[PDB]
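Protein chains in written order, with the deposited numbering: chain A, 7 to 280; chain A', 7 to 280; chain A'', 7 to 280. A prime marks a further copy of an entry chain. Idealized CB from N, CA, C, for every residue including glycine.
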Amino acid sequence: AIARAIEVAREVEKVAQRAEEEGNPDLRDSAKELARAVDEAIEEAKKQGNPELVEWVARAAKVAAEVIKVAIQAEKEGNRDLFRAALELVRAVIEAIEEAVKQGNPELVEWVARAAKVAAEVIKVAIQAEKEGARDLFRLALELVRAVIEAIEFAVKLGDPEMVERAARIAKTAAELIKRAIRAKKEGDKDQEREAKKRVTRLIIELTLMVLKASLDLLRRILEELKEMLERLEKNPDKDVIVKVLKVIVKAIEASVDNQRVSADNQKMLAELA
Amino acid sequence: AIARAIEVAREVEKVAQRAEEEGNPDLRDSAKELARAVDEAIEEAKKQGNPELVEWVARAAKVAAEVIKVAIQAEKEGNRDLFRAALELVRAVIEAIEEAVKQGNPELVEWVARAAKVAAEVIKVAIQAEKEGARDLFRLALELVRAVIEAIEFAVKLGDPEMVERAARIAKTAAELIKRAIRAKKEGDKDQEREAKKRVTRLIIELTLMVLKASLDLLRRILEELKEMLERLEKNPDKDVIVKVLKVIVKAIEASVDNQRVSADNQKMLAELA
Amino acid sequence: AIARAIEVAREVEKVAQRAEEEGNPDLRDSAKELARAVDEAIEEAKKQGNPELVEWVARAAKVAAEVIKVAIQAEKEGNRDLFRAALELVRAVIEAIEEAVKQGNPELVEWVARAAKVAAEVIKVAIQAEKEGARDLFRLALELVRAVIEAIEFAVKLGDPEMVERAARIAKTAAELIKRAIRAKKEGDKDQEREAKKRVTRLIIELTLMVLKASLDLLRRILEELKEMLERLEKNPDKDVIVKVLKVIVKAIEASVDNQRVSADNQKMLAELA
Numbered sequence: 007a008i009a010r011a012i013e014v015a016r017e018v019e020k021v022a023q024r025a026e027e028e029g030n031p032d033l034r035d036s037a038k039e040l041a042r043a044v045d046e047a048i049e050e051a052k053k054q055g056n057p058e059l060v061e062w063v064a065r066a067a068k069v070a071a072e073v074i075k076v077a078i079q080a081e082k083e084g085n086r087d088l089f090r091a092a093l094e095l096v097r098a099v100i101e102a103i104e105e106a107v108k109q110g111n112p113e114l115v116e117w118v119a120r121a122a123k124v125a126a127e128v129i130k131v132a133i134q135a136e137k138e139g140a141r142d143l144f145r146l147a148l149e150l151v152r153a154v155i156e157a158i159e160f161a162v163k164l165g166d167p168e169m170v171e172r173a174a175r176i177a178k179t180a181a182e183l184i185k186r187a188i189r190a191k192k193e194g195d196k197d198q199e200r201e202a203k204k205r206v207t208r209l210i211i212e213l214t215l216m217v218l219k220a221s222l223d224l225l226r227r228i229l230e231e232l233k234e235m236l237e238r239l240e241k242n243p244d245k246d247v248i249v250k251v252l253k254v255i256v257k258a259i260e261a262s263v264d265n266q267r268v269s270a271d272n273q274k275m276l277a278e279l280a
Numbered sequence: 007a008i009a010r011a012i013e014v015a016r017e018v019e020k021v022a023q024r025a026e027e028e029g030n031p032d033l034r035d036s037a038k039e040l041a042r043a044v045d046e047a048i049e050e051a052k053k054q055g056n057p058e059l060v061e062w063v064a065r066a067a068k069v070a071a072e073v074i075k076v077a078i079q080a081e082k083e084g085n086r087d088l089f090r091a092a093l094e095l096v097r098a099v100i101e102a103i104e105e106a107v108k109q110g111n112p113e114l115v116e117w118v119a120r121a122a123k124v125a126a127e128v129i130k131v132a133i134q135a136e137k138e139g140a141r142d143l144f145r146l147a148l149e150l151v152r153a154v155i156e157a158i159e160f161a162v163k164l165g166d167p168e169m170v171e172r173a174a175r176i177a178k179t180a181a182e183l184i185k186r187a188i189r190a191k192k193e194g195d196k197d198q199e200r201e202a203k204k205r206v207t208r209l210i211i212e213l214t215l216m217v218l219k220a221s222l223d224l225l226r227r228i229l230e231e232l233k234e235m236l237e238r239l240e241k242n243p244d245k246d247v248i249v250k251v252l253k254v255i256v257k258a259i260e261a262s263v264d265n266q267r268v269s270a271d272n273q274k275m276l277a278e279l280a
Numbered sequence: 007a008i009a010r011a012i013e014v015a016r017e018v019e020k021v022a023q024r025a026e027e028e029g030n031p032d033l034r035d036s037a038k039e040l041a042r043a044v045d046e047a048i049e050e051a052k053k054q055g056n057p058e059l060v061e062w063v064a065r066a067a068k069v070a071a072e073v074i075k076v077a078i079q080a081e082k083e084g085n086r087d088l089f090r091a092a093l094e095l096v097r098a099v100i101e102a103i104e105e106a107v108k109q110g111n112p113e114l115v116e117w118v119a120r121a122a123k124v125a126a127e128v129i130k131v132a133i134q135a136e137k138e139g140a141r142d143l144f145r146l147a148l149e150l151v152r153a154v155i156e157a158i159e160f161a162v163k164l165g166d167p168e169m170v171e172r173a174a175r176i177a178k179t180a181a182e183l184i185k186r187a188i189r190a191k192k193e194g195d196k197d198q199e200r201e202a203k204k205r206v207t208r209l210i211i212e213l214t215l216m217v218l219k220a221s222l223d224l225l226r227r228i229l230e231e232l233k234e235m236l237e238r239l240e241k242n243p244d245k246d247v248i249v250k251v252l253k254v255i256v257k258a259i260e261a262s263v264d265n266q267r268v269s270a271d272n273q274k275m276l277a278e279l280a
């Protein structure tokens with residue numbers, strides 16, 4: 007199809023950007039996984055049948071190619087922390103697209119592509135905080151991109167596209183508030199700049215709260231899976247059944263550690279807010 | 007006794023309110039469980055012997071009957087979220103009374119009846135926020151009733167009547183501050199209204215903090231029960247002993263998930279406060 | 007050596023202070039464990055060989071002797087809560103020194119001695135809040151010492167001396183801000199006093215956040231130890247292997263309960279801040 011042709015062209019551009027950074031192998035490592043994931047995504051999409059799913063994978067991969075170009079720029083100039091944030095966004099989009107396509111959602115991959123483009127804009131706003139001296143605003147943008155990454159990863163687990171949409175609209179609203187805070191910082195008026203930056207911190211907290219409740223909903227589902235295996239264990243206390251229960255117990259620990267990790271970062275945002 | 011007679015009369019009023027809402031079966035489902043629980047409570051009380059316990063179950067059941075009348079009103083008018091909050095309070099009082107009577111506490115059921123009447127007043131204040139346009143104040147009242155429900159449920163687990171008393175005095179003090187915030191909103195003076203609403207949010211946080219520490223005290227007791235079964239396991243690594251340990255491990259997970267659930271809701275109150 | 011001689015003299019002073027409080031047995035219980043721990047520490051240090059480790063154990067034990075003298079003073083005068091805070095600091099320094107010496111760190115014991123002396127200064131500032139009427143400032147100092155105790159205990163687990171140094175510099179900066187808040191409270195100017203006390207609360211939160219992330223790093227290491235034993239269990243689902251996995255699962259629960267305990271106390275600091 008015509009949409010499949012612009013994907014091959016997008017794939018060709020990705021191959022060029024993958025071969026462009028022959029000097030840095032670490033980014034080229036994740037740059038090749040994006041070529042592998044998209045190839046798997048397109049072949050998995052044509053197996054599924056939905057052509058709408060084939061189009062939204064392209065737009066997200068088109069955004070991921072530009073984020074890779076930011077990862078190349080992040081080495082020579084900008085913070086090295088920005089490079090890791092660019093790579094974290096790349097691997098997050100790769101894993102989010104794969105699982106969302108394996109789930110067979112034509113709408114979840116859409117908002118994943120929508121949120122990835124919005125998160126790409128926030129990274130661009132972070133660069134204005136580097137040229138125009140604003141390391142504090144540079145953190146807010148990196149903290150916001152971090153909150154979007156956690157929102158996308160957990161919403162793909164839930165398979166809820168509405169959560170990705172609501173996380174993208176709050177992120178896009180916060181990005182324009184950082185742009186207004188940058189235009190403020192340029193034009194003085196720090197009574198407006200400080201109120202805009204606290205509005206952004208409020209929106210970063212509003213995102214991490216939705217991520218915390220989503221991780222809590224996953225912790226409930228694992229709890230029910232653990233309850234049904236206990237009621238199974240009371241019937242047949244076998245040797246292999248206990249091994250499976252131990253595996254599910256550790257799976258619940260992984261989700262609780264991530265839930266305590268989000269609340270640990272969300273609690274620092276409140277200390278910055280107040 | 008004379009006190010037992012006003013309980014039968016209170017039981018007759020409950021039967022009438024249970025039969026009044028013949029149209030809605032879902033509320034009638036929980037309305038009949040209250041008739042079953044009180045009957046069990048009165049028969050359990052006369053088996054225990056203490057007549058003071060028989061009186062405080064009546065006053066709480068008299069309050070629960072009026073909350074049911076609010077649940078009937080909450081369908082045709084008011085928020086549907088208010089109906090679920092009314093039902094949540096009913097099932098919470100039912101389970102709190104049962105466990106507190108099975109524990110044999112003549113003082114815990116008292117403050118449970120005291121806190122249930124105070125929580126009923128807060129629901130009444132929420133209705134003033136519906137007529138007098140105040141959806142923000144409507145949340146604060148529903149958030150406050152939610153904090154009282156968690157405070158009563160965990161304090162009945164601890165069997166601590168002093169915690170219920172202190173949660174009821176903070177809730178009654180906060181309710182009068184919402185009334186003052188409503189009388190403020192009526193008479194302008196939003197410098198006083200905004201300070202009264204933030205005083206309420208501070209008290210809602212002060213309650214959820216006491217609920218979080220109480221759930222943490224329960225998490226310690228389960229930890230000691232898990233330690234004593236490990237030291238038992240080192241003596242006899244049997245097949246059935248491991249099954250009991252797995253059950254206690256999941257019981258600790260249920261308490262930790264609830265503790266992370268309270269802190270997740272308590273953290274949103276801080277975002278609203280600051 | 008000459009340094010070993012001032013340790014024997016310091017040990018003699020500790021024996022005198024241990025025998026001075028013959029009336030109170032509970033403090034004498036922990037006072038004798040300090041004599042046992044230092045004796046073990048000096049003998050363990052001469053076995054290790056490093057003479058620098060022998061010197062820093064003395065300075066921390068010299069500070070711990072003065073904290074014991076505060077524990078004696080805390081009975082007849084001052085809050086009884088201050089006595090428990092003094093004992094908590096003593097047992098924390100005892101266990102921190104022991105583990106840090108068994109780990110063989112000549113630099114971790116240094117900053118443990120540095121942080122113990124800084125924490126001793128904060129306790130002295132708490133006494134000024136008792137004479138000069140300031141129970142609110144008395145809590146801030148006791149809350150700050152509590153945050154230092156948690157910071158030292160978890161950093162000794164990590165074996166990270168840089169964390170102890172950064173926790174000591176924030177604690178010393180906060181202590182001078184409480185001194186400035188006390189000199190403010192004396193000389194009126196509550197616009198400066200209230201801003202200094204909120205600066206201290208911000209620094210107390212900044213410490214507990216570093217303690218929360220450190221406890222989260224320990225929770226990751228236990229997670230990897232639990233993953234490697236699962237992959238071991240898939241190879242050999244034995245009887246004794248499951249027992250060891252159950253022990254590691256409970257070890258992870260102990261770390262998660264402590265992590266939820268720190269966040270529970272850190273969340274009350276935000277309610278006091280905002």
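For the set A'':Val247, A'':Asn265 and A'':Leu209, the Cα lying nearest the Cα of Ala277 of chain A is the one of A'':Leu209.
With respect to chain A'', the C-beta atom of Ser221 of chain A has no partner C-beta closer than 8 Å.
Here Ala125 of chain A'' has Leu95, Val151, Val154 and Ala177 as same chain residues with Cβ atoms under 7 Å from its own Cβ, once five neighbours each way along the sequence are excluded. Those residues of the region 245-256 of chain A placed with their C-beta closer than 9 Å to a C-beta in chain A'' are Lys245, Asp246, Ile248, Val249, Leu252, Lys253, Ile255 and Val256, ordered along the chain. With the rule of 3 Cβ pairs closer than 8 Å, the region 241-248 of chain A'' does not count as touching the region 219-239 of chain A'. The continuous stretches of alpha helix (DSSP H) do not include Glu193 of chain A'', and DSSP gives it neither H nor E. Along the region 138-172 of chain A, there is no position whose C-beta sits under 8 Å from a C-beta of chain A''. Between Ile103 of chain A' and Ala51 of chain A', the CB-CB gap reaches or exceeds 8 Å. The beta carbon of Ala202 of chain A' lies closer than 8 Å to those of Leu183, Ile184, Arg186, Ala187 and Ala190 in the same chain, with the five residues before and after it left out.
In this structure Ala220 of chain A'' is in contact with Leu164 of chain A'', their Cβ atoms being roughly 6 Å apart against a cut-off of 8 Å. For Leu33 of chain A', the nearest beta carbon of chain A'' is not closer than 8 Å to its own beta carbon. No Cβ-Cβ contact shorter than 8 Å links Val263 of chain A'' with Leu218 of chain A'. With a threshold of 16 other beta carbon atoms within 10 Å, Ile8 of chain A falls short and is exposed.
The beta carbon of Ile259 of chain A'' falls within 8 Å of a beta carbon belonging to chain A', placing the residue at that interface. By the criterion of a C-beta distance shorter than 8 Å, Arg34 of chain A'' is surrounded in its chain by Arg24, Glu27 and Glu28, once the five residues flanking it on both sides are discounted. For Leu276 of chain A'', the C-beta contacts it makes with chain A' under 7 Å involve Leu276, in order along the chain. Inclusion of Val256 of chain A and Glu231 of chain A in the CB contact set at 8 Å is not warranted, their separation being larger than that value. Chain-ordered listing is empty here: chain A has no CB closer than 9 Å to the CB of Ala98 of chain A', the nearest sitting near 19 Å.
Distances from the CA of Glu212 of chain A'' to each of A'':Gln134, A'':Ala135 and A'':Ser269 were compared; the closest alpha carbon is that of A'':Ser269.
For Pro31 of chain A', the uninterrupted alpha helix (DSSP H) run begins and ends at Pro31 to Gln54, by DSSP. By the neighbour-count criterion, in which 16 or more other beta carbons inside 10 Å mark a residue as buried, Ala280 of chain A falls on the buried side. Membership of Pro57 of chain A in the alpha helix (DSSP H) is indicated by the continuous run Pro57 to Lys82.
With respect to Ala66 of chain A', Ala119 of chain A' sits close: the two C-beta atoms are nearer than 8 Å. Going by DSSP, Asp244 of chain A'' is part of no alpha helix (DSSP H) at all; its letter is neither H nor E. With contacts defined as CB atoms closer than 8 Å, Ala41 of chain A and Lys20 of chain A qualify as a contacting pair. By the rule that beta-carbons nearer than 8 Å mark a contact, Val268 of chain A does not touch chain A''. One alpha carbon belongs to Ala173 of chain A', the other to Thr214 of chain A'', and they sit about 27 Å apart. Here the C-alpha atom of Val14 of chain A lies approximately 22 Å from the C-alpha atom of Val76 of chain A. Proximity of chain A' to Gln273 of chain A'' at the Cβ level (cut-off 8 Å) is accounted for by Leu215, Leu218, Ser269, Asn272, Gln273 and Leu276, in chain order.
Neighbourhood of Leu279 of chain A' in chain A'', by CB distance below 9 Å: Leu276, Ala277 and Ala280, in chain order. Taking C-beta separations shorter than 6 Å and ignoring five residues to either side along the sequence, the partners of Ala37 of chain A' in its chain run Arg24 and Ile74, following chain order. For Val162 of chain A', the closest C-alpha among the options A':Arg267, A':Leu59 and A':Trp117 is that of A':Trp117. DSSP places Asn111 of chain A' in the coil class of the three-state scheme, outside both helix and strand. Comparing alpha-carbon positions, the option among A'':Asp166, A'':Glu168, A'':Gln266 and A'':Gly84 lying closest to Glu138 of chain A'' turns out to be A'':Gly84.
Against chain A, the beta carbon of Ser36 of chain A' has no neighbour under 8 Å; the closest one sits roughly 22 Å away.
For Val263 of chain A'', at least one C-beta of chain A' is nearer than 8 Å to its own C-beta.
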